[PDB]
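Residue numbers (PDB author numbering), protein chains in the order written: chain A, 2 to 34, 61 to 439; chain B, 2 to 44, 47 to 360, 369 to 437; chain C, 61 to 100, 115 to 190, 296 to 321, 324 to 369, 379 to 390, 398 to 415, 422 to 503.
For every residue, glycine included, the Cβ atom is placed at its ideal position computed from N, Cα and C.
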Amino acid sequence: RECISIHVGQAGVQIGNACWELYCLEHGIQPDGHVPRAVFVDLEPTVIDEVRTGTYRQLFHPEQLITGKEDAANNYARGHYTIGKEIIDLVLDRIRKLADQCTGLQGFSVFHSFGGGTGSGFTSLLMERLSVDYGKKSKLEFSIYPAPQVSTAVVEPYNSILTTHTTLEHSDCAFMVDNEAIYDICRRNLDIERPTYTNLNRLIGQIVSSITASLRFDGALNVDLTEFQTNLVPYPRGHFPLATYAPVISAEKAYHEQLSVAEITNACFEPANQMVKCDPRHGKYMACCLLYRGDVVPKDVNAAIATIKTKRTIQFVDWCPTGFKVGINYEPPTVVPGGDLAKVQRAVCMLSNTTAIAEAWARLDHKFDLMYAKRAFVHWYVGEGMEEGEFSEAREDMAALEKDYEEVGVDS
Amino acid sequence: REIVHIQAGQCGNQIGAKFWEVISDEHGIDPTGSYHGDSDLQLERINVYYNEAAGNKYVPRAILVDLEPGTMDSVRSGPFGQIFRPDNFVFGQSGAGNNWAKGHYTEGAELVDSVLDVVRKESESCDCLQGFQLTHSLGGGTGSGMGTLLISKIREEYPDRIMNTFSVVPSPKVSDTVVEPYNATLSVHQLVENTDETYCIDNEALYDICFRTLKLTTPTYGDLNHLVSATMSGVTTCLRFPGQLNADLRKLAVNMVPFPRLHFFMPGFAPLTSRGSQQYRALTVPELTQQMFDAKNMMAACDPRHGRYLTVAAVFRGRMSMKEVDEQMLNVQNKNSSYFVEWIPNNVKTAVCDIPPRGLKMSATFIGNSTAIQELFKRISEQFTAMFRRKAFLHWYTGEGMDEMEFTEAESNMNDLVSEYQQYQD
Amino acid sequence: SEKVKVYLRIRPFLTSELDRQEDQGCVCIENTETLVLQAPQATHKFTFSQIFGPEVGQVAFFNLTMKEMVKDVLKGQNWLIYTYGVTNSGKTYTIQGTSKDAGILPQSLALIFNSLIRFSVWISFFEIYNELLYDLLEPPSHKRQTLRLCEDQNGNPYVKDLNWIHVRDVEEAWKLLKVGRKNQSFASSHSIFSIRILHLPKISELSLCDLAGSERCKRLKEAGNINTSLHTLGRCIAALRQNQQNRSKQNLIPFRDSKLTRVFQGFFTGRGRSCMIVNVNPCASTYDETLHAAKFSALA
Ligand SMILES: CC(=O)O[C@H]1C(=O)[C@@]2(C)[C@H]([C@H](OC(=O)c3ccccc3)[C@]3(O)C[C@H](OC(=O)[C@H](O)[C@@H](NC(=O)c4ccccc4)c4ccccc4)C(C)=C1C3(C)C)[C@]1(OC(C)=O)CO[C@@H]1C[C@@H]2O
Ligand SMILES: Nc1nc2c(ncn2[C@@H]2O[C@H](COP(=O)(O)OP(=O)(O)OP(=O)(O)O)[C@@H](O)[C@H]2O)c(=O)[nH]1
Ligand SMILES: Nc1ncnc2c1ncn2[C@@H]1O[C@H](COP(=O)(O)OP(=O)(O)NP(=O)(O)O)[C@@H](O)[C@H]1O
Ligand SMILES: Nc1nc2c(ncn2[C@@H]2O[C@H](COP(=O)(O)OP(=O)(O)O)[C@@H](O)[C@H]2O)c(=O)[nH]1
Ligand SMILES: [Mg+2]
């Protein structure tokens, strides 16, 4: 029934707090009110302390706030071998207590950034223990994908490629969001030249709220967390589906508001609004989950889905006769009173896995090889307790994913 | 994230006196006073350089080692000289002669034992220590000699910690010391073999900046050192406070040092303008990049045009749009792609602190590791062999206990670095 | 150029391993110079130079591989033999061996001293623990010792303040090794035996290396520190390969990276020929470690 969230890394904590801010907002709970089923984990002490001084200071328990006093840095090796194995046991301990606290839990909601130190190494070893001690549970992680061009760190691909290498055999399903794509949405749709990090987190949290929060509420057609992976990943691989939100209208300039079901659904198949840089170049849709929250008619949804299926432009996989998961919630899409969302009475959340992921991965894959050719800052990883095998073998392993999508997709 | 600061030699002592004269306002602490800072966010990070003592008295964890008692004494009787604890005063009233060997083997080693006791005490204070910052001269006796041994022993004791060295290189146009190249080649040897990070500051470079950018008709050492003490704050203090994107020595080193050869970084300052005349307040975003990536704004003689950027660190501090900073960075990496390296997708690791430098609105610290520094090495080495061939001042070292082969070895490892730098330059 | 001779050896299957499990040999011995790899399956070919099976005794390893070195000592050229391979593959067994069947090192002494007109020989035995050089000849057990490597005008690295001893017979040097084994420490110490013979002069210095293995099962930064040493060793050997190939390739080598690669500079790239000894384990669980050593050695 319940799900425990684990936010690892700076971005994980930032997005986690921003996401939970929205979580309690729609719940109608004030800062000093229930107990959230989520924990914050970061080696950077300054990041975790943000929640201890900022918003929701008395909402979270100190037990759910793991904090390292040493240095995390931006290297997978550190958060996996050096200091990683120093706080992991404590992290596992807390999440285990929480797991026992809830009667019959479904799974864990992981939150992290592929491009980072704590968001890379820590996640990797954490999921490793999760798939062994909680193999009977659903492992759904929300992986933040680094920008294709506007990278934040130099060793960006070095950390990301390794994280997905090990987590590929751990997490059942990983929802990836593109950092740069969020900026695009804020530029073209939101129409703003001031898209702060906290502003990006507003959009991602809005998705999570509709993926878990509202979907956990009794609607008209609920979709279980287990149903997610069962209808999203047709293979025993940690595939990464996209997160698309229909209502992206800003509460200022454009003011349509009253939009029909046909329009909202149609707004989730456009590259301008997909929250990911995985443009529909040649990607075929294998599984698409549509979560409708608000005043929506089932027949209207069926018609919208039907008309899209016959559009032909949206090519599905040959072995995929029907790949549309219908989710219907009764809870409307809540909006931050001081955000940038127009607030509609109905929202459509599209989460699908396409062959376009291979294109995005190929870009990062190449980025790794480029620096790997000369090893680059490899010493900052090797000296932490990692051998060439942790890079070379990973390089080949991740390369199999490019072939995976190439075979699962494209072929008739 | 506590760090120890060490001042070695006259140069290190003088600069240290200026550093603690600037950072004192950054943290808001009087000579022997308490937290008189304007904000309260600075207090939450005073443990990085200060040791909790009498509550009111915040003692700076800095070790000052000098062979010239008079030089160290002038600091003690100056502005922020009483702020230091006598226990951290390591003075060697011995042969204070400008000689690497003299300040390393002869009168150096004897005092080193005493220094080690102090530094070991400073490291074993409280919480977890991160690294050891050092300030020294390249053409001195205490700075180049003693400091070199200090770092050698420190890296031997705590290899788990990082070392950041700030060294003023010998002025190429007008050398301040006669045996400057002789000490330089020897000091740079232990530097590359020991420390992980090192910032190079040129004498005339500061003069030029304080002449063209700043309108200072009289740029004395107190004026030059002041600027230097402002750059180190961005690398240390500025990376201790929270922000939109935090960074530190670990984040920096891993995104600056591409090989186990240390690599010398060139420092710069974004908000570099005059007092009232140049009060244009043109500090939005592009103006900072135009300042930081300026061939005549670098605190080193080697200009960025004489090489390629291997890895660049952008330490911004203040309220600004993350997208605006990164967007501008892309512009620079695209416009100057020719010398921005073609073997690394993104060479600039952005970072934005959430707190400006007190009386400054927008600021950023420039840290650029470019192959342009190769010109400096070749310059110093050239001057070295020129006199080494004649061994004019060799006897000054031989009488102390300096191996003939040692001199040639220091140069051979130095030249080694020059050769490898070029491999990555092409 | 000369090529670093490459030798591979696998550990034999005793009644103990047979009792525990099959311990099927994944590595097959194909010809005396090459190997066919079928690891439970993965296919790979090892092209070393010399390879001996689990059947050959300890003396056999020395008989072929170490014998060629004994001849070079007489030539006057320096030689370095380093034992590399996965953990518990039997490297210390191949290098040291036992009294009945001496390893490459003890047997080297037996043959070199037997080969040794006056001849002189200097003996040095030490252990490098945590990148620290400890003399096994003089001190009792685990203090910092005062020695550095200085580089002479010749460009050859020399360790200063080393201990030197004169030995008449081979047993004298063997006795010194017994002391070294007794005083020896281990990791959670690199043992390097140096033998310099004077031909009377032309002097030849030999050195033996046997990497102890610390593999983590599920000191200060001992793991990370050496991990870096092996990393630079691998990269340095790679550079040595391309530069030795001789099309036209001048690549700078990361020798300065670690103290280990720095000290062995003279043995690899300087005055001296070296041999590569790769001892591997047939166990399938150990294939993880083998995969790295395999790729490192053979180019796939
Ligand atoms: C009225 C007003 O706004 O005055 C400014 C000012 O006029 C200018 C010209 C300042 C001024 O700086 C200099 O003139 C200068 C003198 C010697 C060496 C280097 C610089 C200023 O003195 C410097 C001073 O800097 C600070 O307050 C920072 O916090 C800075 N502090 C120190 O360097 C410092 C000085 C004395 C005692 C203790 C600390 C700092 C910078 C980085 C990291 C930590 C601290 C500022 C903004 C000003 C004055 C006062 C005129 C400038 O420099 C800095 C470092 O901000 C020079 O170009 C900038 C632009 C500023 O607008
Ligand atoms: N949307 C969004 N992206 C962020 C935010 N903070 C950082 N990022 C991005 O995430 C990456 C930065 O990761 P870091 O902050 O360096 O590191 P970390 O993952 O927190 O972990 P460490 O490296 O150990 O500090 C960059 O690609 C940033 O652009 C944020 O608040 N919102
Ligand atoms: N050919 C062999 N015949 C009999 N026993 C052997 C043989 N090779 C190795 N052994 C034994 O197997 C173990 C491996 O020995 P050694 O102790 O030789 O390993 P390494 O030296 O391979 N280990 P390590 O130093 O920890 O990395 C020891 O108990 C040896 O006595
Ligand atoms: N920036 C700067 N350089 C200095 C200062 N003092 C000496 N120097 C430089 O240091 C070199 C001389 O070395 P010195 O510091 O006297 O050596 P030591 O005192 O014997 O260790 C010359 O190149 C000087 O320009 C200073 O206060 N600031
Ligand atoms: Mg962080």
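Interface residues of chain A facing residue i [CB-CB closer than 7 Å]
{"i": "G437(C)", "result": "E415"}
{"i": "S324(B)", "result": "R221 and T223"}
{"i": "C131(B)", "result": "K96 and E97"}
Per-residue contacts from residue i into chain B (C-beta, under 9 Å)
{"i": "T191(A)", "result": "Within chain B, no residue comes near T191(A); the closest Cβ sits about 18 Å away, beyond 9 Å."}
{"i": "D205(A)", "result": "The contacting residues do not exist; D205(A) stays about 14 Å from chain B at best."}
Burial state of residue i (16 or more Cβ within 10 Å)
{"i": "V23(B)", "result": "buried"}
{"i": "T334(A)", "result": "exposed"}
{"i": "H406(B)", "result": "exposed"}
{"i": "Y283(B)", "result": "exposed"}
{"i": "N449(C)", "result": "exposed"}
Cβ-heavy atom distance, residue i to ligand 3, below 8 Å
{"i": "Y167(C)", "result": "yes"}
{"i": "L74(C)", "result": "yes"}
{"i": "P128(C)", "result": "yes"}
Any non-hydrogen atom of ligand 5 within 8 Å of residue i CB
{"i": "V181(A)", "result": "no"}
{"i": "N59(B)", "result": "no"}
{"i": "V257(B)", "result": "no"}
{"i": "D69(A)", "result": "yes"}
{"i": "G144(A)", "result": "yes"}
Residue i CB to nearest heavy atom of ligand 2 below 8 Å
{"i": "residue 395(C)", "result": "In the structure shown, chain C runs from 390 directly to 398, leaving residue 395(C) without coordinates."}
Partner residues on chain C for residue i, Cβ-Cβ distance less than 7 Å
{"i": "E411(A)", "result": "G427"}
Contacts of residue i in chain A (Cβ-Cβ under 8 Å)
{"i": "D329(B)", "result": "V177 and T179"}
{"i": "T431(C)", "result": "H406, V409 and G410"}
{"i": "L494(C)", "result": "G416 and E420"}
C-beta atoms of residue i and residue j nearer than 9 Å
{"i": "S25(B)", "j": "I86(B)", "result": "yes"}
{"i": "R69(C)", "j": "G171(C)", "result": "no"}
{"i": "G17(A)", "j": "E71(A)", "result": "no"}
{"i": "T92(C)", "j": "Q124(C)", "result": "yes"}
{"i": "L357(C)", "j": "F458(C)", "result": "no"}
{"i": "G148(B)", "j": "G10(B)", "result": "yes"}
{"i": "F404(B)", "j": "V172(B)", "result": "no"}
{"i": "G246(B)", "j": "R320(B)", "result": "yes"}
{"i": "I115(A)", "j": "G146(A)", "result": "no"}
Chain B contact residues for residue i, given Cβ-Cβ distances below 7 Å
{"i": "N101(A)", "result": "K254, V257 and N258"}
{"i": "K452(C)", "result": "Simply none; closest approach about 12 Å."}
{"i": "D314(C)", "result": "Correct list: empty, because the minimum Cβ distance to chain B is about 18 Å."}
Chain-ordered chain B contacts of residue i [CB-CB under 8 Å]
{"i": "residue 281(C)", "result": "In this structure residue 281(C) is absent; chain C steps straight from 190 to 296."}
Chain C residues whose Cβ lies nearer than 8 Å to that of residue i
{"i": "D179(B)", "result": "The premise fails here: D179(B) is roughly 30 Å from chain C at the closest Cβ pair, so nothing lies under 8 Å."}
{"i": "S147(A)", "result": "Correct list: empty, because the minimum Cβ distance to chain C is about 18 Å."}
{"i": "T109(A)", "result": "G427"}
{"i": "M416(B)", "result": "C331, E332, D333 and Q334"}
heavy atom of ligand 4 below 8 Å from residue i C-beta
{"i": "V171(B)", "result": "yes"}
{"i": "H6(B)", "result": "no"}
Any non-hydrogen atom of ligand 1 within 8 Å of residue i CB
{"i": "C213(B)", "result": "yes"}
{"i": "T240(B)", "result": "yes"}
{"i": "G237(B)", "result": "yes"}
Unbroken stretches of the alpha helix (DSSP H), 4 residues or longer, contained in the region 245–269 of chain B: Counting whole runs of 4 or more residues, the region 245–269 of chain B contains the alpha helix (DSSP H) stretches 252–257.
Contiguous alpha helix (DSSP H) assignments of at least 4 residues, all confined to the region 246–334 of chain A: At a cut-off of 4 residues, the continuous stretches assigned as alpha helix (DSSP H) that sit fully inside the region 246–334 of chain A are 252–259 and 288–293.
Alpha helix (DSSP H) runs wholly inside the region 103–151 of chain B, at least 4 long, in chain order: For the region 103–151 of chain B, the continuous alpha helix (DSSP H) assignments of 4+ residues that do not extend past its boundaries occur at 110–126, in sequence order.
4-residue-minimum alpha helix (DSSP H) runs that sit fully inside the region 211–238 of chain B, ordered along the chain: 224–238, all fully within the region 211–238 of chain B.
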